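Enquirer: Sequence order for the protein chains is A and A'. A prime marks a further copy of an entry chain. Here the first sequence stands for residues 400 to 464, 484 to 509, 536 to 798, where the numbers follow PDB author numbering. Here the second sequence stands for residues 24 to 340, 349 to 399, where the numbers follow PDB author numbering.
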Amino acid sequence: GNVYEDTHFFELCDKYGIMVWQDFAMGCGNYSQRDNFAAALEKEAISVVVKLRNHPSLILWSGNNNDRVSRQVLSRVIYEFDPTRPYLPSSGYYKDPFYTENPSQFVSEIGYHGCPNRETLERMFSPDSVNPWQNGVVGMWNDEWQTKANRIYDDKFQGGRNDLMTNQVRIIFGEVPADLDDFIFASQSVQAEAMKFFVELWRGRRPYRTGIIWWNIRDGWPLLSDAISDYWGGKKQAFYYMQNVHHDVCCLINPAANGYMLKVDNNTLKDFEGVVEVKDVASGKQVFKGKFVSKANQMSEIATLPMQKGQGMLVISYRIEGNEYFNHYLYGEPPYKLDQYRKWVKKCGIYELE
Amino acid sequence: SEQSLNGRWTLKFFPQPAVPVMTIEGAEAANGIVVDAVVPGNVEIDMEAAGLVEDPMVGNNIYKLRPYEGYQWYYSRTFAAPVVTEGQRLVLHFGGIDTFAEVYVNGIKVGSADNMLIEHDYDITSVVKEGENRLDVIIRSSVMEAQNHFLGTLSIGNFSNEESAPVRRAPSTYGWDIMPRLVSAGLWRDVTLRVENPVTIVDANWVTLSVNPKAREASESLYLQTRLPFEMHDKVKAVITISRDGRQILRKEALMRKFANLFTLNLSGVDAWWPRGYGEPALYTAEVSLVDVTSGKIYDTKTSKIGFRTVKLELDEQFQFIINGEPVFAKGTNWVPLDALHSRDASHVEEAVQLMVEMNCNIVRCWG
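1) If distances are taken between C-alpha atoms only, which option among A':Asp159, A':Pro358, A':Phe117, A':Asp339 comes closest to A':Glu48?
2) For a contact defined as C-beta to C-beta under 8 Å, what are the partners of A:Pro501 on chain A'?
3) Which of the three DSSP states, helix, strand or coil, is assigned to A':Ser178?
4) When the Cβ atoms of the segment 71 to 87 of chain A' are set against those of the segment 128 to 147 of chain A', are three or more pairs found closer than 8 Å?
5) By the three-class DSSP mapping on this structure, what secondary structure does A':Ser149 have?
6) Taking only beta-carbon positions, decide if A':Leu369 is within less than 8 Å of chain D.
7) For a cutoff of 8 Å on Cβ pairs, would you count A:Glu443 as touching chain A'?
8) Write down the C-beta distance between A:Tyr556 and A:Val634 rounded to the nearest angstrom, noting that I regard them as a contact closer than 8 Å.
9) Rounded to a whole number of angstroms, what is the C-alpha to C-alpha distance between A:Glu404 and A:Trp676?
10) Apart from the five residues just before and just after A:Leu492, which ones in its own chain have a Cβ nearer than 8 Å to its Cβ?
11) Round the Cβ separation of A:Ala630 and A:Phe617 to the nearest angstrom and send it over; I've been treating them as touching at under 8 Å.
12) Could you compute how far the alpha carbon of A':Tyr91 sits from the alpha carbon of A':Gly134?
13) Report back the beta-carbon spacing between A':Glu155 and A':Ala103 to the nearest angstrom; my notes put them in contact at under 8 Å.
14) On the premise that A':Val62 lies in contact with A':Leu210, defined as a C-beta separation below 8 Å, what is that separation, rounded to the nearest angstrom?
15) Is it buried or exposed, A':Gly119, if we count other Cβ atoms within 10 angstroms and call 16 or more buried?
16) Quick one: is A:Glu410 near chain A', going by C-beta distance under 8 Å?
17) Suppose you measure from the CA of A:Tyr769 to the CA of A:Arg763; what does that come to, to the nearest Å?
18) For A:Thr502, which three-state DSSP category applies?
19) Against chain A', does A:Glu566 count as a neighbour if the rule is that its beta carbon must be under 8 Å from one of theirs?
20) For A':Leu174 versus A':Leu372, is the C-beta spacing smaller than 8 Å?
21) Return the bridge partner residues of A:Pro699 from the DSSP annotation.
22) Whose C-beta lies closer than 8 Å to the C-beta of A:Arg614 among residues of the same chain, with five residues either side of it excluded?
23) DSSP state of A:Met757, grouped into three classes?
24) Figure out for me which residue from A:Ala740, A:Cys427, A:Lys442, A:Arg653 has the closest Cα to the Cα of A:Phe550.
25) Can you list, in chain order, the residues of its chain whose CB lies under 6 Å from that of A':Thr33, leaving out five sequence neighbours each side?
26) Could you check whether the segment 405 to 413 of chain A touches the segment 445 to 459 of chain A, counting it as contact only if at least three pairs of C-beta atoms, one from each stretch, sit closer than 8 Å?
27) On a Cα-Cα basis, can you pick out the residue from A:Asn561, A:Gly400, A:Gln742 that is closest to A:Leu667?
28) How many angstroms separate the CA atom of A':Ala295 from the CA atom of A':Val334?
29) Evaluate A:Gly400 with the Cβ neighbour count: other Cβ atoms within 10 Å of its Cβ, from every protein chain shown; 16 or more gives buried, anything less gives exposed.
30) Should A':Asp200 go down as buried or exposed, given a rule of 16 or more other Cβ atoms within 10 Å for buried?
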């Protein structure tokens, strides 16, 4: 759905080591099978392939889709002008079996809504519209908030896309907070826990899972979205959660009715050794402490932890080659209490409530 | 009748500039050298006759023809146009133009050739004059034509030259391990003038439907396409004749009520065509004529020798050729260019085919 990025984008991905999956410019929709569109698409495909085929970060071309465009036109351009890259014609509660029991080794799209920071709210909204609740009635969005969902045309309606924020908050935390700062923290926490869980679930189920591409990292307009950072650089709380489960070597915990499975995942070609400690946040009790060996490019199990009672948080501290790393795990089942989760996050000592 | 435009032409050659010469005033204005050329021919044959180049077959003289790959070649001659009756068509036939060229008749363009390997026919009925007419062909550089294209990745680095990928010429002319690099140029096959009646044969496609060699029977089909003015519908008959050494075997006449027809000939007392060893190469003269039913005037006639034979490739489930229901064992050679200057090919064909007859090859593969 975006333009093709310029050369400087790929030069940056080249030197930072970020592989690039490039979809051709077609969006959610089927397209013409006639000769005029094919010629225009062929002229476009050859131009962008010749422009980009020499970047080492570029690894895949996709049709983002019997179709002439995806199975004939675009595949014929890759066949002649870039045979060294593959071509692919086509692409609630976060612990619900729809997400958990998804049998795909490689997830290409996955996202949860997250209310932007207060500073970004006050900048894009009129002063009397910064608070989302029209007439104070919790759940009913004012017109400016309905615009930034995003409403493509100026039709006055209630509900729609923005209800995803209150629905996901109502699930995890039982009730939607009326106070704006509480609603910001609640909505960002739901996005943070949901996104962190998907990455820990995919990294924790290796070698069956082969990859995860989440949606998305940055907004291209002042908007209310499922991105983890805004157009003005405002990082939502999910950005910090996601950052701590994207390390080259990551100690994480996956759920089990038996309790907690402390694992360590390695996305390198080297073996690493460290020491990991897990303690309960509300009680301060140490649940586990010991060294580990993380084999290269594989997931290694460390230990199985005893099941704690009720709801709470475990803080994961591990040191690898003189560097301290931090992670956490929220145990129990929703609904959670918002004020209790906030204390656990502040005492975990990793993320600031801001 | 068919009037031959072969013989002595005028050849003017000069280096091709940044803007290739496409017109006549440009070809006459260009500073070049003029020589007497023989058509059919190659331009290097004409230059060697003029003492301008040395024999490329000896020593390293093949590399001395290198600069002429960037030259243009201006052919020009004068012919007498025959008097055409109302309704007839005057066709200018080129058997071989190497390669990229503009064809003019009386200062008017009649076509643009772009393929060395196929014939080029032009209708010049409306552009000819009375008496002497001027024919001009301005050929440009085949090598420089490649730079008008952007090559795909797998078109670069092959054994065939990158100059050969986007153009329709013989790939070995650019150089091979068994053929020299001698791109050359010129009218390397016959150039003739043809006068066609309003009623003429466009194509006569002979096809063997079935063959019973032991019964000496065969079923031949004739897919005939003609030019037929509507006032000539129901007034022309097609005369089909199958003969051997003069003896007539079958004669079928049918009224032409439409321009295209299929005539099926169920023949008896005819021998099947076989490859060497497996039997005789029995050939029969097949002649089709378009005859007026009233005046008896013959408007056109096509004649060729056809063979009654079936061919099936059995892919083993690594293949075997099946000729007339029999599995033949193929033994033969690959057929490569007879000459780097391909206008001399026709002078080698008879003697080179005899090499395969003496070898007793039953098959030959014409190399791409």
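Cβ atoms here follow ideal geometry from the backbone N, Cα and C, with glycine treated the same way.
Expert: Reading off the structure:
1) For the purposes of this step, residue 48 of chain A' is taken as residue 25 along the second sequence, with counting starting at 1. Here the closest residue by C-alpha is A':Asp159.
2) Your numbering for residue 501 of chain A matches position 83 in the first sequence. Close to A:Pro501, with beta-carbon spacing below 8 Å, are these residues of chain A' in chain order: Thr176, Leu177.
3) For the purposes of this step, residue 178 of chain A' is taken as residue 155 along the second sequence, with counting starting at 1. Of the three classes helix, strand and coil, the one that applies to A':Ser178 here is helix, per DSSP.
4) No, the segment 71 to 87 of chain A' does not touch the segment 128 to 147 of chain A'.
5) The sequence position of residue 149 of chain A' within the second sequence is 126, counting from 1. Three-state result, A':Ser149: coil.
6) No chain D is part of this structure, whose protein chains are labelled A and A'.
7) Counted from its first residue, the first sequence places residue 443 of chain A at position 44. So, not an interface residue.
8) Locating residue 556 of chain A in the first sequence gives position 112, where the first residue counts as 1. Locating residue 634 of chain A in the first sequence gives position 190, where the first residue counts as 1. Contact holds; Cβ gap of about 7 Å.
9) Here residue 404 of chain A corresponds to residue number 5 of the first sequence, with the count starting at 1. Here residue 676 of chain A corresponds to residue number 232 of the first sequence, with the count starting at 1. For A:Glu404 and A:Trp676, the distance between alpha carbons rounds to 20 Å.
10) Counting from 1 along the first sequence, the entry for residue 492 of chain A is found at position 74. These residues qualify, in order along the chain: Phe423, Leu440, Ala444, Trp460, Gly462, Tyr505, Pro507.
11) As a first step, residue 630 of chain A must be located in the first sequence, where it is residue number 186. As a first step, residue 617 of chain A must be located in the first sequence, where it is residue number 173. At roughly 5 Å, the Cβ-Cβ gap stays under 8 Å, so A:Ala630 and A:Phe617 are in contact.
12) Indexing the second sequence from 1 puts residue 91 of chain A' at position 68. Indexing the second sequence from 1 puts residue 134 of chain A' at position 111. When rounded, the distance between both Cα atoms is 25 Å.
13) One-based indexing of the second sequence puts residue 155 of chain A' at position 132. One-based indexing of the second sequence puts residue 103 of chain A' at position 80. Right, the Cβ-Cβ distance comes to about 6 Å (below 8 Å), so this counts as a contact.
14) Here residue 210 of chain A' refers to the residue found at position 187 when the second sequence is read from its first residue. Here residue 62 of chain A' refers to the residue found at position 39 when the second sequence is read from its first residue. The pair is a contact, with the Cβ atoms about 4 Å apart (cut-off 8 Å).
15) What you label residue 119 of chain A' is simply residue 96 of the second sequence in a count that begins at 1. By the neighbour-count rule (16 or more Cβ atoms within 10 Å), A':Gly119 is buried.
16) Locating residue 410 of chain A in the first sequence gives position 11, counting from the first residue. False, the Cβ-Cβ gap to chain A' never drops below 8 Å.
17) For this step, residue 769 of chain A is matched to residue 325 along the first sequence. For this step, residue 763 of chain A is matched to residue 319 along the first sequence. Looking at the backbone, the Cα of A:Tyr769 and that of A:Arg763 are separated by about 6 Å.
18) Looking up residue 502 of chain A in the first sequence gives position 84. Note: A:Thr502 maps to coil in three-state DSSP.
19) In the first sequence, residue 566 of chain A corresponds to position 122, counting from 1. Not one chain A' Cβ lies under 8 Å of A:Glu566.
20) Counting from one through the second sequence, the residue named residue 174 of chain A' turns up at place 151. Counting from one through the second sequence, the residue named residue 372 of chain A' turns up at place 341. Going by C-beta atoms, A':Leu174 is not nearer than 8 Å to A':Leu372.
21) Counted from its first residue, the first sequence places residue 699 of chain A at position 255. Bridge partners of A:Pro699: A:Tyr704.
22) For the purposes of this step, residue 614 of chain A is identified with residue 170 of the first sequence, where counting begins at 1. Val620.
23) In the first sequence, counting from the first residue as 1, residue 757 of chain A sits at position 313. Strand, per DSSP.
24) Here residue 550 of chain A is taken as the residue at index 106 of the first sequence, counted from 1. Selected option, being the one with the closest Cα: A:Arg653.
25) By one-based count along the second sequence, residue 33 of chain A' stands at place 10. The answer, listed in chain order, is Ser99.
26) yes
27) By 1-based counting over the first sequence, the position of residue 667 of chain A is 223. Checked all of A:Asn561, A:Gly400, A:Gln742; the closest Cα to A:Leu667 is A:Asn561.
28) As a working mapping, residue 295 of chain A' is identified with position 272 in the second sequence. As a working mapping, residue 334 of chain A' is identified with position 311 in the second sequence. Cα-Cα distance, rounded: 12 Å.
29) Reading the first sequence from its first residue, position 1 is the one you call residue 400 of chain A. Around the beta-carbon of A:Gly400, fewer than 16 other beta-carbon atoms lie within 10 Å, marking it exposed.
30) Sequence index remark: in the second sequence, residue 200 of chain A' carries index 177 (1-based). Counting Cβ neighbours within 10 Å, A':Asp200 comes out exposed, since fewer than 16 surround it.
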